[PDB]
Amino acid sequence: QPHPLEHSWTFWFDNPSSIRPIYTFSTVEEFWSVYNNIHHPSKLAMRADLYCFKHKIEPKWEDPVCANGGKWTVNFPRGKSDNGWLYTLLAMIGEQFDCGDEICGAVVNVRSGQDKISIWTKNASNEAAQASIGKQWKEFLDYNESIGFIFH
C-alpha cells in the first residue's frame, strides 16, 4: 500500500547545455523512486535549474498567481546545497508548512559561485503567511544567516 501525498508534484528541469516537465509523482514511494535517480544539486551542470512544483502549477508566466507572487531564497556555497534541497522537498511534499496552502513549489539554481534554493509562494501581500513560511523554512533548514524575501 503506497503512501499518497496530499498533492501531486511535478519535477521540471531547465537544461543549460526551456523549462521541461520531467515526471509527476503522487506518493512517497514514487518520490524516492525519482529522487534517488536524478542528480543532487552538487552534481548538476552550472546554470541548471531543477523545479518541484504542485501538479498543474507551472513555474512559468502561465500561472501568475505563483509567477507574480512571493519568493523566499537561501544561498549556499556551490555544491553545499544537497541537504537543504532534500529537506525543502520533504517539508513541502510532507505538508509540514503551517501556511503550505500558499506554497507553489521550490527550485534549486546551480550557479558558478553559489547554489540558490527558492520557495515560490502565492499571496505575497499576506504578511503573516509569508513570515510563517520564512520562519518555518529557517527551522526546517536551521540556517545561520540569509533567508531573503522578494515580491514583484
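Quick note: we count residues from 1 along the sequence shown, nothing fancier.
Q: Between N144 and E145, determine how many residues of the deposited chain lack coordinates; answer none if the chain runs continuously, otherwise 1 to 3, 4 to 9, or 10 or more.
A: Missing residues, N144 to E145: none.
Q) Which of the two stretches, 110-118 or 89-97, shows the higher mean Cα temperature factor in the record? A) Result: 110-118.
**Q.** Stretch exceeding the other in mean C-alpha B-factor - 30-38, 122-130
**A.** Mean C-alpha B-factor is greater for 122-130.
Q | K54 by Cα B-factor - lowest, middle or highest third of the modelled chain | A | Within its chain, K54 is a lowest-third residue by C-alpha B-factor, going by the deposited values.
Q) Sorting the chain's CA B-factors, does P64 end up in the lowest, middle or highest third? A) Top third by C-alpha B-factor.
Q.
How does the C-alpha B factor of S17 compare with the rest of the chain: lowest, middle or highest third?
A. CA B-factor rank for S17: highest third.
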